[PDB]
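Reading through the structure tokens given below for one structure.
Start at 1 and go down the list; that is how both ligands and their atoms are numbered. Side chains are part of it too, since the values below use all heavy atoms of this structure and drop only hydrogens, waters and symmetry mates. Counting begins at 1 with the first residue of the sequence.
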Amino acid sequence: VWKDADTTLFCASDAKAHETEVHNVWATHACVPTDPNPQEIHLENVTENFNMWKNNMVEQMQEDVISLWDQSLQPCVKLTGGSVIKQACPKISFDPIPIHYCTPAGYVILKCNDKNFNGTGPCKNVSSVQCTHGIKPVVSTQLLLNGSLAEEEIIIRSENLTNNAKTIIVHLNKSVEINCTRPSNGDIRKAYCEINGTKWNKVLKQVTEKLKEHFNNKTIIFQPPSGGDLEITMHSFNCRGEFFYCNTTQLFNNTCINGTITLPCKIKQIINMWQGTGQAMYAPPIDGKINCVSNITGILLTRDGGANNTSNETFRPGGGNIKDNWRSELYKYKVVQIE
Ligand SMILES: O=C(NC[C@H]1NCCc2ccccc21)C(=O)Nc1ccc(Cl)c(F)c1
Ligand SMILES: *[C@@H]1O[C@H](CO)[C@@H](O)[C@H](O)[C@H]1NC(C)=O
Ligand SMILES: *[C@@H]1O[C@H](CO)[C@@H](O)[C@H](O)[C@H]1NC(C)=O
Ligand SMILES: *[C@@H]1O[C@H](CO)[C@@H](O)[C@H](O)[C@H]1NC(C)=O
Ligand SMILES: *[C@@H]1O[C@H](CO)[C@@H](O)[C@H](O)[C@H]1NC(C)=O
Ligand SMILES: *[C@@H]1O[C@H](CO)[C@@H](O)[C@H](O)[C@H]1NC(C)=O
Ligand SMILES: *[C@@H]1O[C@H](CO)[C@@H](O)[C@H](O)[C@H]1NC(C)=O
Ligand SMILES: *[C@@H]1O[C@H](CO)[C@@H](O)[C@H](O)[C@H]1NC(C)=O
Ligand SMILES: *[C@@H]1O[C@H](CO)[C@@H](O)[C@H](O)[C@H]1NC(C)=O
Ligand SMILES: *[C@@H]1O[C@H](CO)[C@@H](O)[C@H](O)[C@H]1NC(C)=O
Ligand SMILES: *[C@@H]1O[C@H](CO)[C@@H](O)[C@H](O)[C@H]1NC(C)=O
Ligand SMILES: *[C@@H]1O[C@H](CO)[C@@H](O)[C@H](O)[C@H]1NC(C)=O
């Protein structure tokens, strides 16, 4: 017997104790070795209710990631509660590694194995495990990168689709590589991302179709963000310690629904910290080719309001709350207390 409960989880990884990479260094001092031959008990005739949108596991991982950044990612100047904090801002080795989240004694992690589980409600196929799968603390907006792919069909996730204020998480079932590089040799901040239009449009089309299922076959329209912080209006992400801001206008136009889509990007030193604690300035980009090939595994969308009296539903690429990023990977997990 067991009950839904919250407890201080611990982490496990395969970090190398000799790596200068921030993630490795952190996990080396904050995590333990992974279990080479882990156990998993499949519960037959068991029905458990999940709720990705209200899961303490998310908050905890958020706290870890924040800690990892507070230790190995301090900017030159930090702007917070009216205070100005200045400190060294040396270049570092940056490349996220898988992080497993585990439960201590007396607790276990229930895992939903339903093919098309949307993150909320009852789960038919439930199993018990000590740790989750390896999850990369990849911070980004608009597009989810290097995540996990859905098993069968594309999955739409939301605490409440009827509410436009609630973020939407599109879980892709097929990856779409995005090639981002900052050429060695002008403007040391000019960058770009290449994407196979054929693949992207094919996926985006499938996304629209699935969205129709949840919106009564209403016409699905994509549009670029109305306004706000650059981190939201643009696909922001971190590549090798450098912050990339990419214009995804070409990615979200309802025309191609063929060639290589080239997105205009720029490395920003001044940024609005995702921790939501003001602004911060980092050092200039390093020299040489700055390349990062990532898998687009999910999309963060925001639905426009005031469309109830129209046959259209407008979706725009959003983001900001990194917690949603962790949800897109922890949706199938929940902690329970064993008697
Ligand atoms: O300032 C941010 N959100 C603040 C705020 N924005 C509006 C929406 C929102 C929602 C919840 C919490 C904060 C916010 C932010 O997300 N920054 C950021 C920086 C670097 C990368 Cl790589 C990145 F992906 C994001
Ligand atoms: C997820 O499944 C539950 C249970 O069937 C359902 O109530 C809810 O509407 C679904 N959520 C989405 C986003 O479709
Ligand atoms: C999930 O359960 C259904 C029956 O409810 C079963 O048909 C299906 O094979 C299961 N999915 C998995 C884990 O393969
Ligand atoms: C990139 O996508 C491919 C194809 O799905 C996958 O095999 C590979 O593991 C992905 N790389 C990641 C997630 O880092
Ligand atoms: C992805 O999911 C969609 C349904 O959302 C499905 O039609 C399609 O066959 C899936 N693609 C793959 C590669 O399985
Ligand atoms: C979902 O959101 C809609 C729109 O705000 C709201 O009317 C409704 O009460 C919400 N449903 C739930 C389950 O809270
Ligand atoms: C990524 O794009 C760059 C620039 O076009 C190219 O040189 C490189 O070969 C690409 N990488 C992959 C994995 O295709
Ligand atoms: C683009 O994607 C298609 C499949 O959608 C593939 O057949 C083709 O080889 C890709 N083009 C390039 C430039 O790799
Ligand atoms: C969308 O249209 C199809 C084909 O007519 C129909 O089978 C399905 O019920 C509709 N889906 C809705 C209205 O959610
Ligand atoms: C984003 O970039 C596109 C071109 O890729 C441009 O047309 C558009 O004006 C830009 N949006 C803004 C206002 O940043
Ligand atoms: C839509 O995206 C395609 C990608 O090839 C681009 O060529 C086209 O200019 C875009 N249309 C717009 C921005 O209206
Ligand atoms: C995505 O994964 C690839 C392969 O490990 C890595 O090279 C790249 O840096 C990752 N992208 C991001 C933004 O973390």
Side-chain angles (χ1 to χ4, degrees), residues 53 58-59 62 65-66 68-69 73 75 78-80 94 96 136-147 159 165-169 174-180 191-206 221-282 292-294 296 298-302 316-328:
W53 305 106
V58 171
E59 275 62 20
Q62 177 71 350
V65 180
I66 292 188
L68 178 165
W69 282 53
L73 284 174
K78 186 175 183 179
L79 307 181
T80 56
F94 185 96
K136 292 185 176 183
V138 182
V139 178
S140 63
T141 63
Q142 296 192 6
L143 309 181
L144 297 180
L145 305 178
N146 299 336
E159 185 180 12
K166 292 301 180 180
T167 302
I168 298 180
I169 301 180
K174 194 178 189 303
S175 297
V176 177
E177 296 190 5
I178 178 179
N179 197 331
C180 300
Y192 54 91
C193 294
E194 297 177 352
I195 308 177
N196 189 321
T198 300
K199 299 179 181 179
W200 175 249
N201 295 279
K202 180 180 179 61
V203 173
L204 196 58
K205 179 62 179 181
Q206 292 178 342
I221 304 179
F222 289 99
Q223 286 296 265
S226 60
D229 298 333
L230 296 177
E231 300 74 3
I232 307 303
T233 60
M234 301 181 62
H235 169 43
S236 64
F237 61 95
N238 187 314
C239 175
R240 289 175 48 87
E242 309 298 351
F243 292 91
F244 280 72
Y245 287 67
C246 303
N247 184 286
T248 57
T249 296
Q250 293 181 94
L251 284 184
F252 300 100
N253 50 28
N254 308 268
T255 55
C256 295
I257 289 184
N258 297 329
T260 298
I261 305 179
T262 304
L263 300 180
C265 301
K266 67 177 181 180
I267 303 176
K268 254 193 171 301
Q269 303 184 209
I270 301 182
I271 302 174
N272 297 327
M273 303 179 63
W274 56 274
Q275 300 75 331
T277 61
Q279 306 71 0
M281 177 180 61
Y282 294 87
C292 280
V293 179
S294 306
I296 301 181
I299 310 174
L300 301 178
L301 297 181
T302 299
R316 308 177 188 269
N321 186 12
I322 306 304
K323 288 186 177 183
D324 298 332
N325 295 71
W326 313 142
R327 294 188 179 97
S328 64

Open item on the list: Run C239 and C180 through disulfide bond (SG atoms under 2.5 Å apart) and show every step you take.
Closed with: CA-CA 8 Å; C239 175; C180 300; over 6 Å; no
Open item on the list: Contact between ligand 1 and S140 is defined here as a heavy atom of the residue under 4.0 Å from a ligand atom; is it met?
Closed with: yes
TODO: Give the residue and atom name of whichever protein heavy atom lies nearest to atom 5 (O) of ligand 11, and the separation in Å to one decimal.
DONE: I261 CG1, 4.2 Å
Task: Spacing of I271 atom CD1 and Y245 atom OH [to the nearest 0.5 Å] - done: 4.0 Å
Task: Close N or O approach (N196, ligand 8; < 3.5 Å) - done: yes
Task: Rounded distance (nearest 0.5 Å) linking atom CG of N247 with atom CD of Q142 - done: 8.5 Å
TODO: Just say parallel, tilted or perpendicular for the rings of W274 and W69, cut-offs at 30° and 60°.
DONE: perpendicular
Task: atom 3 (N) of ligand 1 - nearest protein heavy atom and its distance - done: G320 O, 3.8 Å
Task: For atom 10 (C) of ligand 1, the protein heavy atom that lies nearest, with its residue and separation - done: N321 N, 3.6 Å
Open item on the list: Give me the residue, atom name and distance of the protein heavy atom closest to atom 8 (C) of ligand 1.
Closed with: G319 O, 3.7 Å
Task: Flag side-chain contact, heavy atom, 4.5 Å: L300 against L144 - done: yes
Task: Which residue and heavy atom of the protein sit nearest atom 7 (O) of ligand 11, plus the separation - done: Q250 OE1, 4.3 Å
- [ ] Taking atom 9 (O) of ligand 8 as the reference point, report whether a protein heavy atom occurs under 4.0 Å from it.
- [x] no
TODO: Report yes if some N/O of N272 lies less than 3.5 Å from some N/O of ligand 1; otherwise report no.
DONE: yes
Task: Protein contact of atom 23 (C) of ligand 1 - nearest heavy atom, named by residue and atom, plus distance - done: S236 OG, 3.0 Å
TODO: Return the residue, atom name and 0.1 Å-rounded distance of the protein heavy atom closest to atom 13 (C) of ligand 11.
DONE: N253 ND2, 3.3 Å
Task: Protein residue, atom and distance nearest to atom 4 (C) of ligand 8, heavy-atom basis - done: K199 CG, 3.7 Å
Task: Spacing of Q62 atom CD and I322 atom CD1 [to the nearest 0.5 Å] - done: 7.0 Å
